[PDB]
Structure formats: C-alpha cells, structure tokens
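Chains as they are written, first to last, in the deposited numbering: chain V, 2 to 210; chain A, 1218 to 1376; chain W, 1015 to 1074; chain F, 51 to 126; chain H, 870 to 1043; chain B, 233 to 264, 278 to 290.
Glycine residues also receive a C-beta, built at the ideal position from the N, C-alpha and C atoms.
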Amino acid sequence: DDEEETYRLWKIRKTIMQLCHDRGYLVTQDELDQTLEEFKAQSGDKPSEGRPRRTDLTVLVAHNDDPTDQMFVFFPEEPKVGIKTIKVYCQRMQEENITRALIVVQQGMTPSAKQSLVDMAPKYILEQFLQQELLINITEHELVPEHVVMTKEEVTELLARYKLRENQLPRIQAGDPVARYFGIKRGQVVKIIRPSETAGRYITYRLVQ
Amino acid sequence: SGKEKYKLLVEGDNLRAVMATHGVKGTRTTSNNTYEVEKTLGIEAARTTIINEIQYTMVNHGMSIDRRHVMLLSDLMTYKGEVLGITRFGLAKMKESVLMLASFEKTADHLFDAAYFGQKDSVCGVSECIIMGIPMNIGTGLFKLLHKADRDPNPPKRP
Amino acid sequence: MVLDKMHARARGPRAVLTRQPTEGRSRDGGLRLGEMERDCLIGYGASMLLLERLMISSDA
Amino acid sequence: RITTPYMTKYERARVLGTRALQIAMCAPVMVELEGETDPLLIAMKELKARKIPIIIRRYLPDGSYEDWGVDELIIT
Amino acid sequence: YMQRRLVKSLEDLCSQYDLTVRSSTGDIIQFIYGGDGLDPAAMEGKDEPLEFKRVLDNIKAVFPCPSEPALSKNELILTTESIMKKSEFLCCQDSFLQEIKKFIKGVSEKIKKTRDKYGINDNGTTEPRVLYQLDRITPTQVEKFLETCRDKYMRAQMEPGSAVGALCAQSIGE
Amino acid sequence: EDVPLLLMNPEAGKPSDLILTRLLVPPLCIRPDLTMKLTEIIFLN
RNA sequence: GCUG
DNA sequence: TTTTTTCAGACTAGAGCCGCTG
DNA sequence: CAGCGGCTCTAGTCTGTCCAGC
C-alpha cells in the first residue's frame, strides 16, 4: 500500500477539520481544504507519516467563546486503546489545562478503557471516535438533514411558542452519530431542517436525552 | 445511452464498512435496514428510511398511498429517542397507561407488573375509555359544549 | 337460504356471567361489534356512537 | 382567536346531536318548524338559520381555552 | 394481526387546535401534520391540494365573461399581486401564496407568446376580434380563481380532533 | 426507607403482601371449575 | 365441518 | 416401559473467552 | 499471575397467527 494509508490520514484529518469547524473550533481554510498531494508534502509513506504523534492536533480553539478553550485530537498507534494510553493522554491534557480531547482509535477500545472515559472526570471529557466513522463526513450525506444546535434564548422561545415543557419534545440519543459529531449533551436542543419534496423546508426539534 | 454507469449492489449488513471502502462514495450509499441506518446515520435518517422503504415497497405492489400517512407512522415510530418498532415490545416503550398495554398482548405480566409498581394511570386514549365507558378525548370529545341560554353573573342583595 | 339466515334482536336474553347479549340466533343472539368495527368508529371520530353501542346497548 | 374560523365536522356533529336531544326533551324551537316530526331534522334546520343556543369551548393542549359561538363559526 | 398491532399504537394520536399532533401523554410526535398541515383525503392533485390548471379552466368556462376588458401580461400580474395582498391570504401558508404566483406568472408568459405569434394587441383594438379569444382571461375570472383557491386550501386543512393516528393505521393496513 | 428503592409504591403495596397468607374467595356472581379448584384448596388445607 |  | 401431528422471534438468563488491568 | 469487564454465544422460552356467523 502506502498510497491507501496516506489517503486515510488525509480524509480523517479533513473530516476532523470539518467536525471542528462545525463544532465551532477555529480551523484555517487551508487546513479545511487540502489535497492528498499537499498532505504528501507534510508526510508521504506510512513510515514518514506516523499516526501517534505526527498528526496530533491541539490547534483547534473555540474562537467564538474562549481562546483558551482548546481541543486535542489524538490518534493512538495501537489498534485497541488501553487505560494506559488514555492515562498518557490525560497527563498531557492535565499539564496544558485543556479540558476536551478527541481520541481517534483505529480498530476499537478495550472495555476497561471505555469505562474510564465515563468517570475520569466530568471536567475532563474525552470522546471516542473510530477512524472508520471519520472516513465519511455524515453531515454531507444525502440522508442526513442540517442539524443546528439551538441557543438557550431560542429554546426558551420554542417552549413559549407551543407552551411546552422540555420533556414533551421528541428525543435524540447522545449515542447518536450526529449527536457525537456535534458533541452535544443532555438538555441541549437541536433544530433539524428537513427538506421538502418541493423547494420548501420543514423545521422540527429534538431534545437530547 | 448517453452515459453507461455502474453501481454495485451488495447483499449484506455492515453499512459503516461498505460506506468507507476506498472508491465507494459514502455520501450516496444507502441501506434497507432501518436498524443499520439508525446506528450509522442518526435518528433523522432513520426516519427518512422508514418513510422511503415503506413508500418504496408500497408503490412496488401497485397500492398507492399518501405520504402523509407514512409521514405519521414514521414520526410516531421514531419520536422517543430511538426507533421503536410496533411490536409487543415497542408498545411498552411508547405508552404509559396499563389497560392500553393490557388490552394488547401479554395481559398477565402487564397487569401484575403494574400492580407491583403503584401505577396510577389516568384514563385517556381510546383503549381505556372504551373499556371504562368514559367518552374519548379524540374526535367529538376534544371540544366541550356550552349553553348560550339567558344567564349572567348577577348583582347580589344588600345584607 | 335467506329464511334461515335472517336474524334480528332488540332487547332479549342476556348471559348470566357477563350480562351481555347471547351469541346464537337460536338463543336470540345479538351481533358482536368487534375490535375492527370499533377501530373504524374511532377513525370516524364518533365518541358518542362508541359509548352508545358498547355500553348503553350492550352492558351498562 | 388563533383557532380556525371554520367549524370542524366533529363540532357540527356534536352541536346537532346535543341540540336534537334538547329539542327531543321539549326545549323551545327557534326555527318555526313546518311539518317536522324528527328532532335531528329540526336541529339541522336550526343550524342553517344560525339560531342554535350553544357555545363551543375549544381547549388548547396547554389548558388555555377560547369560546366560539355556533353562529360566529363559518359552516361549510 | 398487523392492523390490530398498528391500531393499538396509533389510536391515541389526534390533531389539536394548536395544529400539533400529540400523544395522550402530551408528548409531541409532530408539530404540524405532514409538515404542510393539509389532510390526505382533501388533496385533488397527487398529494398536492389545488391542481391549479384545472381550477382556472372551470372558472373560465363557468363564468365566461363577454363584454369584459380581457387585458393580459403586465395587467394580469398586477391584478394578481393586488388581490393576494388584501387582508385574507395572510392566513394562507406563505409557500401556497408563492405557488399561486408561480402559476399566474406562467399564465402571463403563455399569453405573451400567443399574442406575439398572432398580432400583439396594440391596445386591445386588433381587427379580427376572434384573435382576442386565443388566451382570454378577464378580471372577474382572476378574482374568482383566487378566491376558489383560498377556500379550497382552507377547507383542505386537517380539522383538529381528526383522530389522525387511527386513520393512518387503517390506511396502512388496507 | 428501602421499600422505595425496591420500586414498590408503599401506599399501593409492600414487600410482604407478595407472599400468600389469605386468599379472597371470589364473589359467587363471578362464578355461576374455579369453584372446584377452591374446594380442592380447602381440602388440601 | 362448512358458509359468509 | 412405546412417535410427531407449524413457524419464527427477539427477549432472558447461564456457559465460557481472552486479554488487558491491575 | 491474577482478576472481572465486556464480550459472545447458543440455546432456551413464551408469544402470536382476520372478522364473524350458523
């Protein structure tokens, strides 16, 4: 191979840039739009392009709210990630005082490591992504509508317009792929823009629960 | 005639892998298993397959149908978080009242289990208002009726 | 033959156990408005008709 | 006033049904009925002349309510 | 068996005066029935409520107005916009109003092509008066067409309390 | 305190009522073979 | 068992 | 002491299994 | 070198199968 392996490290990085841009992290358009040949210039074959430390990204910063708010995208070399890899990742995050990270695992994650991400801290939140999910940006898939994470001042209008409580809205799971993509948590509302058969649009709403 | 194009139809279930193999354009790959789609592409794409794969199999057999019926059946089936198929099991995750579940299958377990919990059900729907002889809130019952007869909140007498 | 298949019941014998009408023309019978008939009435939206047919004219 | 101006089919059926029961129980008839011996026929005649003494209270799901007079609602 | 299972899950659903289909619990399955808020039975055009071309033809034949101006092109679009913005039609969904304008724009385009092909009216005075009958729309017809379309749309709205869920379950089963 | 976490409503019921000590014999209106079973239970007692 |  | 007489189906426990997880 | 986490697996089991009419 080596042609195929670099292709993944370009598409995954491109999708990770697209996810960060959608989540509101600040990624330059040059990072967002890249070509495999341009990627080859930074690194070419599987030896020179190393998944563990070469592609790690702490560049993303939440420009909208906090310049300090930062996200680390970590790709572990080992196919299944143990707590030991997670503990090394946590220590790097603890020193920098960064509170969010993405871990991009290649085949999976061992069960005792998965349990750690629930309870390591509420103030140190890490999201597992399999790389096989990142080879295709689901927000550009033809069956997935536009999702828009609503502000609290807009949720307060939704519930006022219909005279609802929150627990009467339709639900969306946190384990939902598009919920993971935007990184939303319980009690956020997503606006969903479904396309009509005509030129028009229908607007619907869901609650994360 | 103008363009001859090849699309490979795969019989199988791993949509995530078959939408990543180099050369398969994931953006337009689709499936006929709502469970596979729901796991890989959110709930809202799982709503659109339940619309599509019913409206695909209904026009295949002749049998025209409005989409507004399927737009309701899909939207009921996926409105509580996950796709809740209409079986005996999906009714438990859809309804709160006991007698509507108890008039359906598993009448023994659904009545004892709701006695184990102290289940206060209100009497609503139609599967309970028909059982308890109370007029249903659906249809004619939604609106109450008033008499325009000569009346007024009158003044009292001086005491 | 239509002569043997013609049955009509107004107020007649009611079974002791449930106080509902009988099930046989010979016993004076009474017709069963079953779930499928009940479902069609729910679709029509007729709340009063269901109450009259299933409670007043059966076992109130 | 947010609710639809047009009277719904369900509303017409109930208004006629209550009015017919009221007429069948010796209520005053405001239509000067001519040769009518059936309460439902008399009730339908009253609706056409828009002289039925009933107010429809429409309850919104939250619990708020709006009252519409039978005459005010358009009959299709 | 399938019909019993469907009717034992969708029976509680009913449309409400707020226009939102809701469960007995009060949970919102939908915010508008079928997005549009229209009722499947009232549709006259394959899931679309009006089928405008047929409605205009009925109007032209039922009320064929002799001794009327029969003006067209710029006047047709001007009359339509004035009628659309007259207190009523605000209630009509905005998407419906745009669809009427698209149909009216098409009618105006058809009149222009025919008028150019067979002597454009200089001011309505051309000599073979049969030529005016080629695409004749008169002002009374335009007023009748727009009212009939508003009433047909308003009457096509699903009535609140329609037992929407029960109808869908029976409709899937048949 | 531990009856709520057993998910039992204390007003409706409590854990002991699950095991049987007395059986209410049905009203005779509801039985114009259940009666035969009751006689067998009486004989067994 | 047959009709519906 | 000696035959079967529909066909699935998506729940509920066990049996492990191997490997990191200490 | 030892352990418990999830797995993963096979079977197990109870649950249905149109309306009614004679």
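Notebook entry, point to check: Residues in the segment 96 to 125 of chain F with C-beta within 7 Å of chain H's C-beta atoms, listed in sequence order?
Noted result: The residues in question are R108, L110, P111.
Margin query: Just to confirm my understanding: we take H:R1024, look at its own chain, exclude 5 residues before and 5 after, and list those with CB closer than 7 Å. What are they?
Written below: Scanning its chain for C-beta atoms nearer than 7 Å, with the 5 sequence neighbours on each side dropped, one finds around H:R1024 the residues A911, in chain order.
Next item on the list: My understanding is that A:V1315 touches A:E1255, with C-beta atoms under 8 Å, so please give their C-beta distance in whole angstroms.
Entry: So it is not a contact: roughly 29 Å between Cβ atoms.
Notebook entry, point to check: Considering only residues of the same chain and omitting the five flanking positions on each side of V:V105, which have a CB-CB separation below 6 Å?
Noted result: Once the five neighbours on either side are set aside, the close Cβ partners of V:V105 are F76, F130, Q132.
Checklist line | Meets three-Cβ-pair contact criterion under 8 Å: the segment 883 to 897 of chain H and the segment 72 to 82 of chain F | finding: Flag = no, the segment 883 to 897 of chain H and the segment 72 to 82 of chain F do not touch.
Notebook entry, point to check: Can you name the start and end residues of the alpha helix (DSSP H) that F:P89 belongs to?
Noted result: Where F:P89 is concerned, the enclosing alpha helix (DSSP H) stretches over 89 to 98.
Notebook entry, point to check: Below 8 Å between beta carbons: does that hold for A:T1244 and A:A1263?
Noted result: A distance of 8 Å or more separates the beta carbons of A:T1244 and A:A1263.
Note to self: To be precise: take each residue of the segment 1038 to 1059 of chain W, compare its Cβ to all Cβ atoms of chain F, and keep it if any distance is under 7 Å. Which residues remain?
What the structure shows: For the segment 1038 to 1059 of chain W, which is checked against every Cβ of chain F, the residues closer than 7 Å are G1059.
Notebook entry, point to check: Nearest-angstrom Cα distance between V:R195 and A:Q1336?
Noted result: The straight-line gap from Cα to Cα measures roughly 38 Å.
Notebook entry, point to check: The beta strand (DSSP E) spanning F:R108 covers which residue range?
Noted result: Segment 104 to 109, the beta strand (DSSP E) holding F:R108.
Next item on the list: Count the other CB atoms, across all protein chains shown, that sit within 10 Å of the CB of A:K1242; report buried if there are 16 or more and exposed otherwise.
Entry: Residue burial is scored here from C-beta neighbours: A:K1242 has fewer than 16 other C-beta atoms within 10 angstroms and is therefore classed as exposed.
Item checked: Nonlocal neighbours in the same chain, by C-beta distance under 6 Å from F:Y109, ignoring five residues either side -> The answer, listed in chain order, is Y115.
Notebook entry, point to check: Can you find a CB in chain F that lies within less than 8 Å of the CB of W:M1062?
Noted result: Yes - at least one Cβ of chain F is within 8 Å of the one on W:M1062.
Check: Going by DSSP, what residues sit across from V:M72 in a beta bridge?
Finding: Under DSSP, V:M72 shares a beta bridge with V:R101.
Next item on the list: Report yes or no: is there a C-beta of chain W within less than 8 Å of the C-beta of F:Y60?
Entry: Yes, F:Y60 lies at the interface with chain W (some Cβ there is under 8 Å from its Cβ).
Notebook entry, point to check: From which residue to which residue does the alpha helix (DSSP H) around H:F965 run?
Noted result: From DSSP, the alpha helix (DSSP H) with H:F965 extends over 963 to 986.
Notebook entry, point to check: DSSP state of F:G67, grouped into three classes?
Noted result: In the structure shown, F:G67 sits in a helix (DSSP, three-state: H, G or I).
Next item on the list: Give the single residue among A:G1307, A:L1289, A:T1304 whose Cα lies nearest to the Cα of residue 1100 of chain H.
Entry: This structure cannot speak to residue 1100 of chain H, because chain H is shown only from 870 to 1043.
Item checked: Collapsed DSSP secondary structure at A:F1306 in the structure displayed -> A:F1306 carries a helical assignment under DSSP once its states are collapsed to helix, strand and coil.
Check: So is H:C960 buried or exposed if we call it buried at 16+ other beta carbons inside 10 Å?
Finding: H:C960 comes out exposed.
Next item on the list: Would you mind giving the Cβ-Cβ distance between H:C883 and H:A1032, rounded to the nearest angstrom? I have them listed as a contact below 8 Å.
Entry: So it is a contact: roughly 5 Å between Cβ atoms.
Next item on the list: Identify the contact partners of F:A63 in chain A, using a Cβ-Cβ distance below 8 Å as the criterion.
Entry: Contact note: F:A63 reaches chain A through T1357, using a C-beta cutoff of 8 Å and chain order.
Note to self: For a quick check, are the C-beta atoms of V:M18 and V:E32 less than 8 Å apart?
What the structure shows: In contact: V:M18 and V:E32 (Cβ atoms closer than 8 Å).
Next item on the list: With 8 Å as the threshold, decide whether the Cβ of H:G1030 is near any Cβ in chain V.
Entry: Not closer than 8 Å to any Cβ of chain V, the Cβ of H:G1030 fails to qualify, so no.
Margin query: Taking CB distances under 8 Å as the criterion, tell me whether F:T68 reaches chain H.
Written below: No, F:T68 does not count as interfacial toward chain H.
Check: Between F:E86 and the rest of its own chain, which residues show a CB-CB distance below 8 Å, the 5 nearest in sequence each way excluded?
Finding: Closer than 8 Å at Cβ, skipping near neighbours: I92, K95.
Notebook entry, point to check: Taking the DSSP output, what are the residues bridged to V:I126?
Noted result: Residue pairing for V:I126: DSSP places it in a beta bridge opposite V:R101.
Notebook entry, point to check: Where in the segment 1286 to 1349 of chain A do unbroken runs of the beta strand (DSSP E), each at least 3 residues long, occur, reported from the N-terminal end onward?
Noted result: Contiguous beta strand (DSSP E) elements confined to the segment 1286 to 1349 of chain A do not occur, taking only those with 3 or more residues.
Notebook entry, point to check: Based on Cα-Cα distance, which residue from V:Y206, V:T59, V:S44 lies nearest to V:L159?
Noted result: Comparing Cα positions, the closest option is V:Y206.
Margin query: In this structure, how does DSSP classify A:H1239 when only helix, strand and coil are distinguished?
Written below: Reduced to three states, the DSSP call for A:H1239 is coil.
Next item on the list: For H:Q1002, count neighbouring C-beta atoms within 10 Å of its own C-beta (all shown protein chains included) and say buried if the count is 16 or more, exposed if not.
Entry: Classified as exposed, H:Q1002 has fewer than 16 neighbouring CB atoms from the shown chains inside 10 Å of its CB.
Next item on the list: Could you tell me whether any Cβ in chain A is nearer than 8 Å to the Cβ of V:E143?
Entry: Among the CB atoms of chain A, one or more fall inside 8 Å of the CB of V:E143.
Next item on the list: Mind checking which residues open and close the beta strand (DSSP E) that includes V:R195?
Entry: Bounds of the beta strand (DSSP E) holding V:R195 are 190 to 196.
Check: Taking H:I969 as the reference, which of H:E944, H:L875, H:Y1022, H:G895 has the closest Cα?
Finding: Minimum Cα-Cα distance from H:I969 among the listed residues H:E944, H:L875, H:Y1022, H:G895 corresponds to H:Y1022.
Notebook entry, point to check: Under 8 Å between C-beta atoms, does F:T53 make it to chain H?
Noted result: Yes, because at least one Cβ of chain H sits closer than 8 Å to the Cβ of F:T53.
Next item on the list: Alpha carbon to alpha carbon, how far is H:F972 from H:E937? Give it in angstroms, no decimals.
Entry: The straight-line gap from Cα to Cα measures roughly 22 Å.
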